[PDB]
Amino acid sequence: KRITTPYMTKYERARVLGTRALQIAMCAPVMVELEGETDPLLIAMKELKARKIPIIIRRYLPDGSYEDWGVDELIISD
Amino acid sequence: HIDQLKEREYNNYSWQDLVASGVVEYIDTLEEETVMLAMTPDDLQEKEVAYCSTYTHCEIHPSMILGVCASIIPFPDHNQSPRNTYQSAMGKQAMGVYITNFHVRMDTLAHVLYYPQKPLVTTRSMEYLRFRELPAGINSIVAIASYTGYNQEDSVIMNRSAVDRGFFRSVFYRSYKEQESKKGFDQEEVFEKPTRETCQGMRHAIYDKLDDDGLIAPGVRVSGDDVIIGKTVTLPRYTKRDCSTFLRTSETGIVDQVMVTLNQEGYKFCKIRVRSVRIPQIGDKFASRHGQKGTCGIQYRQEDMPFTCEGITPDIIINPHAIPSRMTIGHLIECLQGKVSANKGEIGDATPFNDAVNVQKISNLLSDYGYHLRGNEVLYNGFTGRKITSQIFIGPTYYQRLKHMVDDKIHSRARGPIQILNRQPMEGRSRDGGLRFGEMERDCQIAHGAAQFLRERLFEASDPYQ
Amino acid sequence: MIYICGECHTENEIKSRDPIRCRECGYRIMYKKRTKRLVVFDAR
Amino acid sequence: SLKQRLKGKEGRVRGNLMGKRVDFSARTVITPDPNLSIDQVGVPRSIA
Amino acid sequence: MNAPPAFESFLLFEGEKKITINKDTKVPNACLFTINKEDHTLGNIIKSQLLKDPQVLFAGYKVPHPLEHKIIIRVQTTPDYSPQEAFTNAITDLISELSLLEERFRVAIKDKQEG
Amino acid sequence: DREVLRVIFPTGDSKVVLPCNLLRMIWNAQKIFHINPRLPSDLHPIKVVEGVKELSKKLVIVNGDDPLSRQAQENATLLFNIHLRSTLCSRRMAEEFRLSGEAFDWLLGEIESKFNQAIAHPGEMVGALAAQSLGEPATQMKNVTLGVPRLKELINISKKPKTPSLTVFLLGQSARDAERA
Amino acid sequence: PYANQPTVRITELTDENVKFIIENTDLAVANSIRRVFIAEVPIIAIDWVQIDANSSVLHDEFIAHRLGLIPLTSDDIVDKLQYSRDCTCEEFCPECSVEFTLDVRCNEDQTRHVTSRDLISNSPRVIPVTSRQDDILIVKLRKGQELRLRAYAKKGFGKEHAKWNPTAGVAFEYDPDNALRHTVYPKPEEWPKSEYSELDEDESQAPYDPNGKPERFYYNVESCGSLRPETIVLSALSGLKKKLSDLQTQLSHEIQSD
Amino acid sequence: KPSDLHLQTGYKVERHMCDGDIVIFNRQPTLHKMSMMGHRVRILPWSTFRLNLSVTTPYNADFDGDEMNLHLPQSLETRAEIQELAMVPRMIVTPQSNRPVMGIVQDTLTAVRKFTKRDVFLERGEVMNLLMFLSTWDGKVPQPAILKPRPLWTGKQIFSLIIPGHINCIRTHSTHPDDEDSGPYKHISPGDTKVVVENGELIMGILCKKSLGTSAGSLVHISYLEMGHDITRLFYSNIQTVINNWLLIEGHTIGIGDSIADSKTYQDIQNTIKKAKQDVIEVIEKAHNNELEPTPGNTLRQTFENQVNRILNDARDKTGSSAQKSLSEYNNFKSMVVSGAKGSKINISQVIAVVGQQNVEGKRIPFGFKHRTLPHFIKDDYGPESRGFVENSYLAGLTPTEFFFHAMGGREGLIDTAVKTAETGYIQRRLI
Amino acid sequence: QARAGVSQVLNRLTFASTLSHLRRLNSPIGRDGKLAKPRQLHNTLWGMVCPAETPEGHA
Amino acid sequence: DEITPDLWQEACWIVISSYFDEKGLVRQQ
Amino acid sequence: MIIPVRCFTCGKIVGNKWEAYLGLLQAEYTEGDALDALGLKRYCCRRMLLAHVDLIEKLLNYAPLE
Amino acid sequence: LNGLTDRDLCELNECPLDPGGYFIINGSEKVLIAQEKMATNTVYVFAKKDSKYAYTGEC
Amino acid sequence: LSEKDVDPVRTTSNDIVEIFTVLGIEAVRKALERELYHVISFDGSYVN
RNA sequence: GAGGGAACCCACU
Ligand SMILES: [Mg+2]
Ligand SMILES: [Zn+2]
Ligand SMILES: [Zn+2]
Ligand SMILES: [Zn+2]
């Protein structure tokens, strides 16, 4: 029932990484094991690579409807 | 006539006597459209087909078609014309000694080179522009070479050891004017040394460097947050508030002169000249006399610069790629002629239309002095001592230090003053202002798709409001 | 304090609110003394 | 007038909404550096 | 304004190590010697002296940025030899070279001055 | 496909703009899998036929199974599928490219990944991209007018062009001799 | 131990320059010796200027810069003089600096040439070089103009400032006949021969030597006057050896630390 | 006070901008989206913005006094947007012309043309010094292309080490002959002018602007398409560092000796100029004696102008062809032209042989006086010297009439730039 | 409604700038004009007006 | 007597020097 | 304005040579012979004296404020 | 400063190389830039384009 | 186009307005694309 | 620990 692309767009990747980095900087629980690094961007990218970011992208269609895609449901091709 | 004019101050023969003799005459543009001009007297003394047998006038010298700024260009007929235009623009921005009585004058902006040199390669028209007496520039050993990649895209490498010896060192003079003014009976601005418990709204600065007349003394080091004129205005316990004159920010220097006088309407009027020494820096603009502008990209010491077998290092290294699309061949000929001039002990002649000066003649003259005839030399790498495989064109070329230093242009803002009306950051580095994130930048960030950066720039780095 | 007259090279004591005029030659342009504070220049 | 306040490239909309002065911005002369990578800019210590 | 002090090209500040050795993990028996507050002088002589040692498989130096004052010397040796040992022996050979050159220059100056 | 191409390109200009560089990836497969072009290959031609069929099935620009979606998907990938069947012909793959079976499978996977990397991302501000892409070369720009004045006469729909003109083409023998022209 | 065994042949020794030839060493050793000539030979030069009065037409930083560029005799005294960064004094002392004073007032109708002869040192071993040629012109004064200043000269080398560079011109050469083809002439007949060339007039360039390396190096070290040129070369060899010894000490400490 | 120096979790510290910080870097005019790119901050001890040289092409920047702007993103969302969207390696290839915007520029370009020639041989110390500046090097010194009599590596070996991954690319050098591909030496190039890179190894060919520049199908383009943005960023940096350090050994200059031609070449140029001026005089005599036949679609004066301009363009082309044919392989104008770094064959022609015809508004120099270009000519003089043909070179120097006509020609270009900027900017604004 | 820039502050950065500013001519045609003819270097400027010295940009 | 071409450059710069000795450069103002 | 103490390129002392050079030029030497008599062999040192403009003499024609 | 020798100008703290040609207004040096205009009293005939006039004479 | 022995297929104008009024909106779309391509690619410049 | 605007001119890329 979902017609949008199964790939995570570059804008979706940028905003999910920024939002997850801000959440980690506001002391959200880290979803992966971190090997002693501090930067929230690096933790956000290794969470995205592990596909464990707890964020749902709501993609709006021009007709007004929307599709909810998990970050773990999309293909991180870039 | 020539013999009479050789003793102008003996015979009292002058130019006006030459006009009265019927020898020269003034022709305007409407009359010039009916005259028949010989370019040179060689057009007169011509054989059976002279192309014209009815010449009415002769040019005194064709190089007199140039103006003041185009007459300092050496070999202007060997350059592309837009480069001559660019040099005519930049010769007005070149720092030398602008006037002899600069110590008397307090100009708002003043620029004095330490060691201005007359060019080794001059034009004869420069004898009447007084460029021999007030020159703007230094003859520099310029090697046109690609060295470490730091001279690319109109950049120069300078010799740091040369710069330490005063090469292109200059002085910036800035004058600050202030006056007491009686803007009403109760209002009375006055030059006083202010006191913290008495003056309203100080700028949290030091006031100890002021003398008790409210004026700083000559010879005192000053910085960007320093008071140089202490003026208080009476408020109609804080009977007076602070309206002191402050030094412009990040313009460190030394008070050179303080002058006190009366203005037209009889109030006390102070002018303070502050002196700052500008050592050549990375990012300072330098130009030859051929449109070859460029900022200093790096400065190497004498042991790092490439050297000839005599131990000569270039003062300036310029990129070869500055030459081909520009076709500033007069730069190369000036460099060659300057090598010949410095070896011979003479001032080379670079009047534009001169058949006595030729590239072959300059080449033979250079080969007569033990150098390669085309100005190339075998240079050795400064870092390793190995010979550079190519042979480098190197010799004296007249360079100019332009007014555009990087320290008069570097500007950053984190947060600070904002405008009253729109509550956005101010204008310019002089007011600690912000940079304009204009419409084209907005379009570029739309095309990037960075909407949160667009919101940061256009909403919460400029003027948040609720 | 002590101001040098611009024309006549002489030093003159001037108090505050006193009009700036040389008592010798009546010249209105006067210059401050070089300071007595101790300023160090690197010889570079 | 108010119309002159709103109109033009120096007006309210084009000069204060489509584009505007920003904080956290710096401007200075650029010089070459072959030793920096392409994604890297050398910054003076005063600006930083 | 942003001009560094001229002594910073050759003076170590507090806590700045002169030479630091890092094992180069790409190939066996390779080390990177980061020498602080030096330039092409010592880097060039040490690299060329290491190039004379037949047990040295690689010897090079670089200034990573000319506005910084730092030398990186990469030395790779044979497995029966050490890059630290090669670097030490290169410095020892250069010191003996300069001692011999110093005494022979003194002898030649004395001979030239006596006639 | 050849007839469709000659309808689309009547001037015979074979230079097109397409997402996946098929010749370079065939060369990449040859270099990766150590293809000996002088030895017989283990790639069946029917493997080429069926692999190109499934690959063209899984290169989707327009989603959907309705006939409108299928027609739009066939139209959107028509040039690329023509070039794919032309390049990954079984005859060319056997005697010209000489690829092996694993090289061909890697080729299909690489073509699919490179095509899916080429699809326009939703959120692309392509109008601003187009306006900057037609204005940036404008900075670097019969008496027919060209350059910036002609660009102005185009984007401003001018009822009075500077040099209005026709290009009249002639039919039959009228086009072949100068006297009836 | 793969050290070279270099040999020295002095060909000229004046009070201004030394011309010499180093054989059987490497090009990097020769170039580093040249670089220490220019950059890392310490001399004594004025580095601290306090101007008490300056009525001259030249401003105070100008006078200070000219005073810094004046060479001072440093033979046998720069070896025993301490760097101010390494000295136990607070600001200045005779163990790390030399005091100079200048007190010149022009009271005559003739222009007074304030030269380096007017620099009066508190140490007789450190004087201006022209005060042992004319004297280096510091400034020119007219009647009523004055210059009083106090300076301090300290140890330093040319890597810091070019006023501490002891050499005027270090001419350096190797392979004068271009046998190694380290430079490639498009037209070898257009090029003048070196001073050290060993070719006949019909020949323009030596035959190529594929087994050759840079092995013979020619120097003309010209002194600015602060040290004797042979003292410059000896101090350069000593300074390079001391740099290598300090680096070896730090390297041994780093090896033992790991 | 220290009581105000306490940090709690959830506090913000407005710390100074440091190494590795992400910024947006910008040059006005911001024409396309690659005039604002994300850069990583490196602090360097002077007062300028240091910039990489390959990056100067998307900014349309040089260092003749350009000032550029730097915006610091203030949040983690904007920082990640710039990091994942607007960085320089992601902006290597543009969607405008499906080709790279940044390539190898001017000294890296001139010396990679000089470095990948067949007769470039590097000794062991030179190779080790060059490999010090290869950041992607794996630590293994390659076997030299020549082992005996002496171990020598070629420049193609070192650039093969520079070329990343297993790039396969075929290009041609700018001096590639047209009939070489049909000859017997197609796959063994006699002039080394067919560039073949196979498995990331530069097998053959001299690299230039056609291989390392901003063209479609170039080596950096293939590197971006096959290896992504980070490996291509390392590729750009490695090319620049290794080539710029080999150029210390090799060196590149321009001199007055590169502007000289042979005496035989000067004689040929003077003969061509004399013959063309004679042809112009003959066409003038044909037009004056009413023997000039108008061409279809044009009047007699415009056919005369077309004939004269054809003769003078043939003169300029033939003198320029002789000028390039005189040039040796050591000529540095030729080096910078065949590298594609700077200049053209027209520039070499104007420097060495003939500047050419000066044009104002597409015609020859107008009769600004009564039927005279200058008062030094006779009336109705339609010859080459009168109407703005400069028969001298920049080396020879211009005659005063030629100098004035050349100034008239260059003023046209200055005017065109100054008055085209505003209309082009208005077109961009309306398009946006 | 009056012409501006007839009187200018005299440039005193160089002696050459002072001389050039003291010998300066001005066409009072608006710099927003995009016609090229007043900006062109006319033939009749020989010996009267310098063919090289003109500003860059709008003027 | 007529000025020979070998003396012409020196003569023309003599008369130019005479012109700038009288008029100067700001004579129009 | 005044003769530099050092040659900019090499650092040879030229500040003690300006008055000697002027005296040699007054003694009917050519400029090249005057430069050769002062030991200025390199053309970098010769441009120091050849191209020097001694503006300090004309600055000394103004009455001093101090 | 009219008729003064260079020594008299130096005694007045004026530069003898200074050309003059400018004014001092409120202490600021002001130069009058020369202004081009069409010549007076001369008949000039032009052809106005895209107008009701084929030719026009102007004085 | 109506004239005899004139190709009624390939004959075209460079006038956008008359192409719109004679042949329609898709034809003037194609004509606009062709004329913009001509302006762009006169210099040899390529835009996607 | 920060109190004018406007106009004009010059200049920079
Ligand atoms: Mg620029
Ligand atoms: Zn008095
Ligand atoms: Zn001490
Ligand atoms: Zn010198």
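Residues numbered from 1 in each chain as written, not as in the entry; some residues may be left out. Chains lettered and ligands numbered in written order. Part of a larger assembly, values for the part shown. Heavy atoms only, no water. Residues with missing side-chain atoms left out of burial classes, pairs and counts.

Undergrad: Just to check I follow, could you spell out the coordination of the zinc ion (ligand 2) for this structure?
TA: Ideal donor angles around a metal are set by the shape: a four-donor tetrahedron calls for 109.5 degrees, a six-donor octahedron for 90 or 180 degrees. All names here are of chain C. Around the zinc ion (ligand 2), the donor atoms from the protein are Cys5 (SG), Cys8 (SG), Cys22 (SG) and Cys25 (SG), and they sit 2.3 Å away. Coordination at the zinc ion (ligand 2) is tetrahedral, judged from the 4 donor atoms that bind it and the angles of 104 to 115 degrees they form at the metal. Read from N- to C-terminus, the donor residues coordinating the zinc ion (ligand 2) fall into the pattern C-x2-C-x13-C-x2-C. Here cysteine 5 is found in strand β1 (residues 2-5), whereas its partner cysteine 22 is found in the loop between β2 (11-13) and β3 (30-32), with 17 residues between them in sequence. Under the relative-accessibility criterion, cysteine 22 is labelled buried at 5%. (Donors = N, O, S within 2.8 Å, 3.2 Å for Na, K, Ca; no water. Tetrahedral: all angles 85-135°; square planar, octahedral: opposite > 155°, others 65-115°. Helix = DSSP H or I, 4+ residues; strand = E, 2+ residues; numbered from the N terminus. Buried < 20%, exposed > 50% of the residue type's maximum accessible area, 1.4 Å probe, protein only.)

Undergrad: I tried to follow the pattern of salt bridges on my own but got confused; where do I start?
TA: Here the idea is simple: oppositely charged side chains can pair when their charged atoms come close. Inspection of every chain in the model, using the stated rule, returns 121 salt bridges over all chains. Measuring nitrogen to oxygen at the nearest pair gives 3.5 Å for the salt bridge that ties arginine 46 of chain K to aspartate 36 of chain K. With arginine 46 of chain K in helix α3 (residues 43-50) and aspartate 36 of chain K in helix α2 (residues 31-37), this pair connects stretches of sequence that are 10 residues apart. Using a relative accessible area of 3% as the deciding quantity, one classes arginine 46 of chain K as buried. The structure contains a network of salt bridges with shared partners spanning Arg301, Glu303 and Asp304 of chain B, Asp39 of chain E together with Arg35 and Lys159 of chain G. (Salt bridge = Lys/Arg side-chain N within 4 Å of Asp/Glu carboxyl O.)

Undergrad: Is there a simple way to explain the arrangement of the chains in this structure?
TA: Ranking the 30 pairs of chains in contact by contact count places chains B and H at the top. For the non-touching pair chain F and chain I, the nearest C-alpha separation works out to 12 Å. In this assembly chain J lies apart from chain K, the nearest approach of their C-alpha atoms being 20 Å. (Contact = heavy atoms within 4.5 Å.)

Undergrad: Sorry, what's going on with the UniProt feature "binding site: Zn(2+) 5" (unreviewed entry) in chain C here?
TA: All names here are of chain C. The residues that UniProt annotates with the feature "binding site: Zn(2+) 5" (unreviewed entry) are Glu24. Dropping the residues within four chain positions of it, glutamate 24 is found in contact with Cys8 and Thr10. A distance of 3.4 Å separates polar atoms of two side chains, one belonging to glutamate 24 and the other to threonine 10. (UniProt positions renumbered as here; feature names shortened; annotations may be inferred. Polar contact = N/O pair within 3.5 Å; in protein donor to acceptor, adjacent residues only side chain to side chain.)

Undergrad: Explain the coordination of the zinc ion (ligand 4) to me, please; I cannot follow it from the model alone.
TA: Residue and element names in this part refer to chain K. The zinc ion (ligand 4) binds to the protein through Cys7 (SG), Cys10 (SG), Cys44 (SG) and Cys45 (SG), with metal-donor distances spanning 2.3 Å. Classification of the site at the zinc ion (ligand 4) rests on its 4 donor atoms, whose angles at the metal span 99 to 117 degrees, yielding the label tetrahedral. Donor residues for the zinc ion (ligand 4), ordered by position in the chain, follow C-x2-C-x33-C-C. Taken as a pair, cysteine 10 in the segment before α1 (18-26) and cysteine 45 in helix α3 lie far apart in primary sequence, 35 residues in all. Residue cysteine 10 is classed as buried on the basis of its relative accessible area, which comes to 0%.

Undergrad: How should I be thinking about the pairing of strand β1 (residues 7-13) of chain G in this particular structure?
TA: Every other side chain in a regular strand lies on the same face of the sheet, so the side chains alternate between the two faces. All names here are of chain G. Here 6 bridges tie β1 to strand β2 (residues 17-23), and the two strands are oriented antiparallel to one another. Residue pairing for β2: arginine 9 is matched across the bridge by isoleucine 21. Between β1 and β2, which follow one another and run antiparallel, lie 3 residues. (Pairing = 2+ DSSP bridges.)

Undergrad: Can you walk me through the nonpolar core in this structure?
TA: What tends to happen in soluble globular proteins is that the nonpolar side chains get buried as a cluster. Core analysis: the largest hydrophobic core is formed by 347 residues, its most contacted members being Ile46 and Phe87 of chain E, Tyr219 of chain G together with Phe159 of chain H. Residue-level mapping places this core at the junction of two domains, with at least three residues from each of domain 1 (1-42 + 163-258) and domain 2 (43-162) of chain G. When neighbours within four sequence positions are excluded, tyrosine 219 of chain G is seen to be in contact with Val18, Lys19, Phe20, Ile22, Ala30, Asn31, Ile33, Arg34, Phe37, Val170, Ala171 and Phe172 of chain G. Among the nonpolar cores identified, the runner-up in size contains 26 residues, and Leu215 and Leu247 of chain B together with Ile14 and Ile20 of chain C belong to it. (Core = buried A, V, L, I, M, F, W, Y, C linked by side-chain atoms within 4.5 Å. Domains from an automatic or database assignment.)

Undergrad: Looking at this structure, I do not really get the protein's contact with RNA strand N. What am I missing?
TA: Neighbouring RNA strand N are 16 residues, the closest being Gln93, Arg203, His204 and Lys285 of chain B together with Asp66 of chain H. When the atoms of RNA strand N within 4 Å of the protein are sorted by group, sugar and phosphate make up 60%. Between RNA strand N and the protein, one listed contact pairs a base nitrogen with a backbone N or O atom of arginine 203 of chain B at 2.5 Å. Within the contact set of RNA strand N, a base nitrogen lies 2.9 Å away from a side-chain nitrogen or oxygen of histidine 204 of chain B. (Near = heavy atom within 4 Å.)

Undergrad: Please clarify how the sheet that holds strand β9 (residues 201-204) of chain H should be interpreted in this entry.
TA: Whenever strands of a sheet pair, they do so through backbone hydrogen bonds, lying parallel or antiparallel. Residue and element names in this part refer to chain H. Sheet architecture is open: 3 strands sit in the order β7-β8-β9, paired in antiparallel fashion. Strand pairing shows two members of the sheet lacking a second neighbour, β7 (169-172) and β9, which therefore form its edges. Taken pair by pair, the neighbouring strands of this sheet meet at an average axis angle of 25 degrees, ignoring direction. (Axes fitted to C-alpha atoms, helices over the stretch in contact; angles between N-to-C directions.)

Undergrad: How should I be thinking about unusual backbone geometry in this particular structure?
TA: Among all residues except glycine, the phi angle is most often negative; among peptide bonds, the trans geometry is most common. Put simply, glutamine 28 of chain H and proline 29 of chain H share a cis peptide bond, and its omega is 0 degrees. Structurally, the position occupied by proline 29 of chain H is in the loop between β1 (22-26) and β2 (36-43). In the Ramachandran plot, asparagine 12 of chain B falls in the positive-phi region, its phi being about 55 degrees despite a non-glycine side chain. Turning to its location among the elements, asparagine 12 of chain B is positioned in the loop between α2 (8-11) and α3 (15-20). Located in the positive-phi region is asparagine 29 of chain E, a residue other than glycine, with phi close to 60 degrees. Note on placement: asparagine 29 of chain E falls in the loop between β1 (19-23) and β2 (30-36).

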